[PDB]
Amino acid sequence: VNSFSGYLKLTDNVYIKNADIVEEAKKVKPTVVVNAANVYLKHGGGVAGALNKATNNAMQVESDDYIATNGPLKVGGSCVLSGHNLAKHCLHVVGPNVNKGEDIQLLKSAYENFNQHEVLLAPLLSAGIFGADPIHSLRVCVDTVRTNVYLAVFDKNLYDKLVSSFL
Ligand SMILES: O=C(O)C(c1ccccc1)c1ccccc1
C-alpha cells in the first residue's frame, strides 16, 4: 500500500491523475519525484521551472553545482539529486525536445531511467513545452516502465483525452 490517492489505474503498474505535480509532491512527499529536465538542468519553464520555483530556487542552485562538476546530461539520460521540500529525491530525466529537433526514439531511453526506482511520481516525458504528442508519451511509458509510476497530468482537458483514448 502507498499514499497516492485519486489515481485511475491504467495497467498493473501505471496510474494517472489530473493534478499539479508540485501540489501532489507537497502532499505525498514521495521517495522520488521526476523532473522534466533539459541537459543543462536549467529550470526556466514547464515542470522544471514550476518544481524549481516550489523549492525557492534551491533545485537550481544544486543543479548548477552538479553541472559545474559533471557537465551536461545526455538526451535520454538522468541524474538523481535532492527532492528538497517536495520529495526525498528528484530524478531529473531528459526526454527529447521536439522544439529542438531531438530523436523521439530517445523517449523510450528516457523512460527506462524510471525502472531504477520502485515507485515514482512523474509527468509525461517530452509533453508540454517539449513538443511531443502526450498520447504517444503515455504509450511509451506503459510499454517501457515496469516499476510503479503515478503520472500527474496538469491540463484537465488533456487528461480526459489521455484516459478516453487509452488502449
Ligand atoms: O502536465 C504537465 O506535465 C505539464 C503541462 C503540460 C501541458 C500543459 C500544461 C502543463 C506541467 C507543466 C508545469 C507544471 C506542471 C505540469
# chains A, B, ... in the order shown; residues from 1 in each chain; ligands from 1
>>> residues_around(residues="segment 65-79 of chain A", least_positions_apart="2", cutoff="8 Å", atoms="only C-alpha atoms", output="PyMOL selection string")
chain A and resi 38-41+61-63+81+91-96+106-111+113
>>> write_last_selection(atoms="C-alpha atoms", output="mmCIF file, in the first residue's frame")
data_model
loop_
_atom_site.group_PDB
_atom_site.id
_atom_site.type_symbol
_atom_site.label_atom_id
_atom_site.label_comp_id
_atom_site.auth_asym_id
_atom_site.auth_seq_id
_atom_site.Cartn_x
_atom_site.Cartn_y
_atom_site.Cartn_z
ATOM 1 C CA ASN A 38 16.982 19.519 -20.002
ATOM 2 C CA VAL A 39 20.656 18.522 -20.393
ATOM 3 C CA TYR A 40 21.832 21.783 -18.715
ATOM 4 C CA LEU A 41 19.425 21.372 -15.730
ATOM 5 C CA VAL A 61 21.458 26.106 -7.050
ATOM 6 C CA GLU A 62 22.089 22.357 -6.530
ATOM 7 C CA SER A 63 21.758 21.725 -10.264
ATOM 8 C CA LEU A 81 19.556 14.917 -6.874
ATOM 9 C CA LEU A 91 15.108 12.114 -10.673
ATOM 10 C CA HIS A 92 15.952 14.664 -13.386
ATOM 11 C CA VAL A 93 15.121 12.922 -16.688
ATOM 12 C CA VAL A 94 15.819 14.405 -20.138
ATOM 13 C CA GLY A 95 13.228 13.491 -22.688
ATOM 14 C CA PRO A 96 13.810 14.613 -26.287
ATOM 15 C CA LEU A 106 15.059 8.667 -27.322
ATOM 16 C CA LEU A 107 11.787 8.854 -25.368
ATOM 17 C CA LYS A 108 11.966 5.085 -24.616
ATOM 18 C CA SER A 109 15.555 5.515 -23.297
ATOM 19 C CA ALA A 110 14.318 8.421 -21.111
ATOM 20 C CA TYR A 111 11.535 6.298 -19.547
ATOM 21 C CA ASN A 113 15.510 5.566 -16.141
#
>>> closest_atom_pairs(of="chain A", to="ligand 1", cutoff="8 Å", atoms="only C-alpha atoms and all ligand atoms", output="Markdown table")
| residue | atom | partner | partner_atom_place_in_ligand_line | distance |
| --- | --- | --- | --- | --- |
| A:19 | CA | ligand 1 | 1 (O) | 7.8 |
| A:20 | CA | ligand 1 | 15 (C) | 5.2 |
| A:21 | CA | ligand 1 | 15 (C) | 5.4 |
| A:22 | CA | ligand 1 | 15 (C) | 6.7 |
| A:45 | CA | ligand 1 | 13 (C) | 7.1 |
| A:46 | CA | ligand 1 | 13 (C) | 3.8 |
| A:47 | CA | ligand 1 | 13 (C) | 3.7 |
| A:48 | CA | ligand 1 | 13 (C) | 7.1 |
| A:49 | CA | ligand 1 | 13 (C) | 7.3 |
| A:50 | CA | ligand 1 | 14 (C) | 5.2 |
| A:51 | CA | ligand 1 | 14 (C) | 7.2 |
| A:122 | CA | ligand 1 | 3 (O) | 7.9 |
| A:123 | CA | ligand 1 | 3 (O) | 4.4 |
| A:124 | CA | ligand 1 | 3 (O) | 5.5 |
| A:125 | CA | ligand 1 | 3 (O) | 7.6 |
| A:127 | CA | ligand 1 | 6 (C) | 5.8 |
| A:128 | CA | ligand 1 | 6 (C) | 3.5 |
| A:129 | CA | ligand 1 | 6 (C) | 6.7 |
| A:152 | CA | ligand 1 | 1 (O) | 6.3 |
| A:153 | CA | ligand 1 | 1 (O) | 4.0 |
| A:154 | CA | ligand 1 | 1 (O) | 3.7 |
| A:155 | CA | ligand 1 | 9 (C) | 5.0 |
| A:158 | CA | ligand 1 | 8 (C) | 7.8 |
>>> write_last_selection(atoms="C-alpha atoms", output="mmCIF file, in the first residue's frame")
data_model
loop_
_atom_site.group_PDB
_atom_site.id
_atom_site.type_symbol
_atom_site.label_atom_id
_atom_site.label_comp_id
_atom_site.auth_asym_id
_atom_site.auth_seq_id
_atom_site.Cartn_x
_atom_site.Cartn_y
_atom_site.Cartn_z
ATOM 1 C CA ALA A 19 -3.163 17.123 -10.710
ATOM 2 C CA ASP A 20 -0.456 19.829 -10.456
ATOM 3 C CA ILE A 21 2.763 17.733 -9.912
ATOM 4 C CA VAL A 22 4.013 20.469 -7.454
ATOM 5 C CA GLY A 45 9.758 26.727 -17.623
ATOM 6 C CA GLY A 46 7.278 23.810 -17.543
ATOM 7 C CA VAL A 47 7.647 21.082 -14.880
ATOM 8 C CA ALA A 48 11.306 22.154 -14.190
ATOM 9 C CA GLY A 49 10.563 25.895 -13.628
ATOM 10 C CA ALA A 50 7.458 25.037 -11.543
ATOM 11 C CA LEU A 51 9.252 22.393 -9.393
ATOM 12 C CA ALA A 122 6.180 11.758 -12.652
ATOM 13 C CA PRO A 123 4.963 13.912 -15.527
ATOM 14 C CA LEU A 124 4.610 12.615 -19.046
ATOM 15 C CA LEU A 125 8.096 12.919 -20.561
ATOM 16 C CA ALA A 127 4.955 16.508 -23.220
ATOM 17 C CA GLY A 128 4.019 20.158 -22.717
ATOM 18 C CA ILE A 129 6.725 22.596 -23.905
ATOM 19 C CA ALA A 152 0.316 13.755 -12.826
ATOM 20 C CA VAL A 153 -1.363 15.487 -15.816
ATOM 21 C CA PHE A 154 -1.834 19.274 -15.108
ATOM 22 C CA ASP A 155 -4.305 20.034 -18.021
ATOM 23 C CA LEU A 158 -5.592 16.723 -21.945
#
>>> closest_residue(among="A:99, A:118, A:80, A:163", to="residue 139 of chain A", atoms="only C-alpha atoms")
A:163
>>> atom_distance(atom1="atom CA of residue 144 of chain A", atom2="atom CA of residue 116 of chain A")
12.1 Å
>>> atom_distance(atom1="atom CA of residue 11 of chain A", atom2="atom CA of residue 142 of chain A")
7.5 Å
>>> select_by_dssp(residues="chain A", states="strand (DSSP E or B)", output="ChimeraX atom specification")
/A:8-9,14-18,32-36,78-82,89-93,119-122,148-153
>>> select_by_dssp(residues="segment 115-157 of chain A", states="helix (DSSP H, G or I)", output="list in words")
residues 115, 116, 128, 129, 130, 134, 135, 136, 137, 138, 139, 140, 141, 142, 143, 144, 156 and 157 of chain A
>>> write_last_selection(atoms="N, CA and C atoms", output="mmCIF file, in the first residue's frame")
data_model
loop_
_atom_site.group_PDB
_atom_site.id
_atom_site.type_symbol
_atom_site.label_atom_id
_atom_site.label_comp_id
_atom_site.auth_asym_id
_atom_site.auth_seq_id
_atom_site.Cartn_x
_atom_site.Cartn_y
_atom_site.Cartn_z
ATOM 1 N N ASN A 115 12.905 2.748 -14.318
ATOM 2 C CA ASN A 115 12.973 1.348 -13.865
ATOM 3 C C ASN A 115 13.993 1.186 -12.755
ATOM 4 N N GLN A 116 14.830 2.187 -12.471
ATOM 5 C CA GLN A 116 15.818 2.110 -11.388
ATOM 6 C C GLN A 116 15.181 2.482 -10.060
ATOM 7 N N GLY A 128 4.012 18.715 -22.989
ATOM 8 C CA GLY A 128 4.019 20.158 -22.717
ATOM 9 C C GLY A 128 4.987 20.845 -23.637
ATOM 10 N N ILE A 129 5.814 21.742 -23.093
ATOM 11 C CA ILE A 129 6.725 22.596 -23.905
ATOM 12 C C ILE A 129 7.838 21.799 -24.568
ATOM 13 N N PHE A 130 7.993 20.490 -24.301
ATOM 14 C CA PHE A 130 8.962 19.655 -25.032
ATOM 15 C C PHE A 130 8.375 19.206 -26.369
ATOM 16 N N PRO A 134 1.427 13.911 -26.182
ATOM 17 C CA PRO A 134 1.281 13.254 -24.880
ATOM 18 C C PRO A 134 0.652 11.854 -24.951
ATOM 19 N N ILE A 135 -0.189 11.598 -25.968
ATOM 20 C CA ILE A 135 -0.779 10.248 -26.131
ATOM 21 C C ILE A 135 0.358 9.276 -26.399
ATOM 22 N N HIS A 136 1.269 9.658 -27.275
ATOM 23 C CA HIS A 136 2.457 8.830 -27.569
ATOM 24 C C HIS A 136 3.292 8.651 -26.297
ATOM 25 N N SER A 137 3.532 9.705 -25.577
ATOM 26 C CA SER A 137 4.353 9.623 -24.359
ATOM 27 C C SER A 137 3.746 8.623 -23.377
ATOM 28 N N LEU A 138 2.428 8.655 -23.211
ATOM 29 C CA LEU A 138 1.773 7.692 -22.308
ATOM 30 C C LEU A 138 1.928 6.267 -22.842
ATOM 31 N N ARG A 139 1.839 6.044 -24.138
ATOM 32 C CA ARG A 139 2.003 4.686 -24.670
ATOM 33 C C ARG A 139 3.433 4.197 -24.380
ATOM 34 N N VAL A 140 4.448 5.041 -24.636
ATOM 35 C CA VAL A 140 5.851 4.627 -24.388
ATOM 36 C C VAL A 140 6.004 4.362 -22.903
ATOM 37 N N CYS A 141 5.460 5.184 -22.049
ATOM 38 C CA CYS A 141 5.550 4.969 -20.598
ATOM 39 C C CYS A 141 5.033 3.573 -20.258
ATOM 40 N N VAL A 142 3.820 3.258 -20.685
ATOM 41 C CA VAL A 142 3.198 1.963 -20.331
ATOM 42 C C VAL A 142 4.026 0.821 -20.887
ATOM 43 N N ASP A 143 4.558 0.963 -22.069
ATOM 44 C CA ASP A 143 5.318 -0.122 -22.710
ATOM 45 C C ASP A 143 6.789 -0.179 -22.265
ATOM 46 N N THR A 144 7.248 0.705 -21.399
ATOM 47 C CA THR A 144 8.684 0.771 -21.020
ATOM 48 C C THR A 144 8.856 0.628 -19.528
ATOM 49 N N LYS A 156 -6.636 19.473 -17.421
ATOM 50 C CA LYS A 156 -7.818 18.583 -17.234
ATOM 51 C C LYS A 156 -8.266 18.112 -18.612
ATOM 52 N N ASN A 157 -8.291 19.033 -19.584
ATOM 53 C CA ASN A 157 -8.758 18.654 -20.951
ATOM 54 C C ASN A 157 -7.840 17.606 -21.588
#
>>> atom_distance(atom1="atom CA of residue 33 of chain A", atom2="atom CA of residue 160 of chain A")
22.7 Å
>>> residues_around(residues="residue 26 of chain A", least_positions_apart="2", cutoff="10 Å", atoms="only C-alpha atoms", output="ChimeraX atom specification")
/A:21-24,28-30,54,85-87
>>> decode(residues="segment 53-151 of chain A", atoms="C-alpha atoms", output="PDB file, in the first residue's frame")
ATOM      1  CA  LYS A  53      10.011  27.690  -8.043  1.00  0.00           C
ATOM      2  CA  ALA A  54       8.416  25.494  -5.334  1.00  0.00           C
ATOM      3  CA  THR A  55      11.959  24.854  -3.904  1.00  0.00           C
ATOM      4  CA  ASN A  56      12.636  28.639  -3.732  1.00  0.00           C
ATOM      5  CA  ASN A  57      15.393  28.100  -6.399  1.00  0.00           C
ATOM      6  CA  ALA A  58      17.309  25.569  -4.222  1.00  0.00           C
ATOM      7  CA  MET A  59      16.857  22.966  -7.017  1.00  0.00           C
ATOM      8  CA  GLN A  60      18.601  25.357  -9.493  1.00  0.00           C
ATOM      9  CA  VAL A  61      21.458  26.106  -7.050  1.00  0.00           C
ATOM     10  CA  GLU A  62      22.089  22.357  -6.530  1.00  0.00           C
ATOM     11  CA  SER A  63      21.758  21.725 -10.264  1.00  0.00           C
ATOM     12  CA  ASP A  64      24.303  24.403 -11.190  1.00  0.00           C
ATOM     13  CA  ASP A  65      26.861  22.785  -8.870  1.00  0.00           C
ATOM     14  CA  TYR A  66      26.064  19.338 -10.447  1.00  0.00           C
ATOM     15  CA  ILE A  67      26.672  20.671 -13.981  1.00  0.00           C
ATOM     16  CA  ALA A  68      29.847  22.547 -12.962  1.00  0.00           C
ATOM     17  CA  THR A  69      31.251  19.205 -11.668  1.00  0.00           C
ATOM     18  CA  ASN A  70      29.846  16.676 -14.193  1.00  0.00           C
ATOM     19  CA  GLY A  71      28.905  18.541 -17.363  1.00  0.00           C
ATOM     20  CA  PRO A  72      25.584  18.208 -19.180  1.00  0.00           C
ATOM     21  CA  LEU A  73      23.337  15.140 -19.133  1.00  0.00           C
ATOM     22  CA  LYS A  74      22.602  13.132 -22.298  1.00  0.00           C
ATOM     23  CA  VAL A  75      19.212  13.372 -24.018  1.00  0.00           C
ATOM     24  CA  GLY A  76      17.530  10.187 -22.729  1.00  0.00           C
ATOM     25  CA  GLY A  77      19.637  10.302 -19.531  1.00  0.00           C
ATOM     26  CA  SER A  78      19.072  11.246 -15.912  1.00  0.00           C
ATOM     27  CA  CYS A  79      20.627  12.082 -12.567  1.00  0.00           C
ATOM     28  CA  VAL A  80      19.409  11.745  -9.001  1.00  0.00           C
ATOM     29  CA  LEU A  81      19.556  14.917  -6.874  1.00  0.00           C
ATOM     30  CA  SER A  82      17.783  16.138  -3.779  1.00  0.00           C
ATOM     31  CA  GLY A  83      13.986  16.388  -3.674  1.00  0.00           C
ATOM     32  CA  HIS A  84      14.275  19.426  -1.389  1.00  0.00           C
ATOM     33  CA  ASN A  85      10.878  20.197   0.205  1.00  0.00           C
ATOM     34  CA  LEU A  86       8.984  18.147  -2.420  1.00  0.00           C
ATOM     35  CA  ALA A  87      10.306  14.551  -2.172  1.00  0.00           C
ATOM     36  CA  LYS A  88      13.254  12.576  -0.806  1.00  0.00           C
ATOM     37  CA  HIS A  89      14.908  12.557  -4.258  1.00  0.00           C
ATOM     38  CA  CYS A  90      14.365  14.245  -7.627  1.00  0.00           C
ATOM     39  CA  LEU A  91      15.108  12.114 -10.673  1.00  0.00           C
ATOM     40  CA  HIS A  92      15.952  14.664 -13.386  1.00  0.00           C
ATOM     41  CA  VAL A  93      15.121  12.922 -16.688  1.00  0.00           C
ATOM     42  CA  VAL A  94      15.819  14.405 -20.138  1.00  0.00           C
ATOM     43  CA  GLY A  95      13.228  13.491 -22.688  1.00  0.00           C
ATOM     44  CA  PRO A  96      13.810  14.613 -26.287  1.00  0.00           C
ATOM     45  CA  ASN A  97      12.617  18.180 -27.006  1.00  0.00           C
ATOM     46  CA  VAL A  98      10.801  18.115 -30.404  1.00  0.00           C
ATOM     47  CA  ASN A  99      11.008  22.001 -30.454  1.00  0.00           C
ATOM     48  CA  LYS A 100      14.892  21.450 -30.664  1.00  0.00           C
ATOM     49  CA  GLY A 101      14.739  18.593 -33.300  1.00  0.00           C
ATOM     50  CA  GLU A 102      15.698  15.620 -30.961  1.00  0.00           C
ATOM     51  CA  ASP A 103      15.055  11.933 -31.938  1.00  0.00           C
ATOM     52  CA  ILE A 104      11.669  10.850 -30.478  1.00  0.00           C
ATOM     53  CA  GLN A 105      13.097   7.228 -30.298  1.00  0.00           C
ATOM     54  CA  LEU A 106      15.059   8.667 -27.322  1.00  0.00           C
ATOM     55  CA  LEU A 107      11.787   8.854 -25.368  1.00  0.00           C
ATOM     56  CA  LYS A 108      11.966   5.085 -24.616  1.00  0.00           C
ATOM     57  CA  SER A 109      15.555   5.515 -23.297  1.00  0.00           C
ATOM     58  CA  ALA A 110      14.318   8.421 -21.111  1.00  0.00           C
ATOM     59  CA  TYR A 111      11.535   6.298 -19.547  1.00  0.00           C
ATOM     60  CA  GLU A 112      13.988   3.401 -18.915  1.00  0.00           C
ATOM     61  CA  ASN A 113      15.510   5.566 -16.141  1.00  0.00           C
ATOM     62  CA  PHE A 114      12.283   5.118 -14.163  1.00  0.00           C
ATOM     63  CA  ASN A 115      12.973   1.348 -13.865  1.00  0.00           C
ATOM     64  CA  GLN A 116      15.818   2.110 -11.388  1.00  0.00           C
ATOM     65  CA  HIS A 117      13.191   3.280  -8.836  1.00  0.00           C
ATOM     66  CA  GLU A 118      10.439   1.108  -7.319  1.00  0.00           C
ATOM     67  CA  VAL A 119       7.847   3.944  -7.068  1.00  0.00           C
ATOM     68  CA  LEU A 120       7.795   7.414  -8.704  1.00  0.00           C
ATOM     69  CA  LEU A 121       5.583  10.496  -9.078  1.00  0.00           C
ATOM     70  CA  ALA A 122       6.180  11.758 -12.652  1.00  0.00           C
ATOM     71  CA  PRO A 123       4.963  13.912 -15.527  1.00  0.00           C
ATOM     72  CA  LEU A 124       4.610  12.615 -19.046  1.00  0.00           C
ATOM     73  CA  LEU A 125       8.096  12.919 -20.561  1.00  0.00           C
ATOM     74  CA  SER A 126       8.540  15.121 -23.611  1.00  0.00           C
ATOM     75  CA  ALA A 127       4.955  16.508 -23.220  1.00  0.00           C
ATOM     76  CA  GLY A 128       4.019  20.158 -22.717  1.00  0.00           C
ATOM     77  CA  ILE A 129       6.725  22.596 -23.905  1.00  0.00           C
ATOM     78  CA  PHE A 130       8.962  19.655 -25.032  1.00  0.00           C
ATOM     79  CA  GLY A 131       6.599  19.331 -28.012  1.00  0.00           C
ATOM     80  CA  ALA A 132       5.832  15.584 -28.213  1.00  0.00           C
ATOM     81  CA  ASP A 133       2.331  14.087 -28.505  1.00  0.00           C
ATOM     82  CA  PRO A 134       1.281  13.254 -24.880  1.00  0.00           C
ATOM     83  CA  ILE A 135      -0.779  10.248 -26.131  1.00  0.00           C
ATOM     84  CA  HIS A 136       2.457   8.830 -27.569  1.00  0.00           C
ATOM     85  CA  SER A 137       4.353   9.623 -24.359  1.00  0.00           C
ATOM     86  CA  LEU A 138       1.773   7.692 -22.308  1.00  0.00           C
ATOM     87  CA  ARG A 139       2.003   4.686 -24.670  1.00  0.00           C
ATOM     88  CA  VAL A 140       5.851   4.627 -24.388  1.00  0.00           C
ATOM     89  CA  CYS A 141       5.550   4.969 -20.598  1.00  0.00           C
ATOM     90  CA  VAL A 142       3.198   1.963 -20.331  1.00  0.00           C
ATOM     91  CA  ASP A 143       5.318  -0.122 -22.710  1.00  0.00           C
ATOM     92  CA  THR A 144       8.684   0.771 -21.020  1.00  0.00           C
ATOM     93  CA  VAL A 145       8.251   1.380 -17.288  1.00  0.00           C
ATOM     94  CA  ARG A 146       7.879  -1.781 -15.189  1.00  0.00           C
ATOM     95  CA  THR A 147       8.080  -0.062 -11.759  1.00  0.00           C
ATOM     96  CA  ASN A 148       5.119   1.696 -10.171  1.00  0.00           C
ATOM     97  CA  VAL A 149       4.560   5.118 -11.723  1.00  0.00           C
ATOM     98  CA  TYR A 150       1.982   7.720 -10.665  1.00  0.00           C
ATOM     99  CA  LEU A 151       1.520  10.193 -13.547  1.00  0.00           C
TER     100      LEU A 151
END
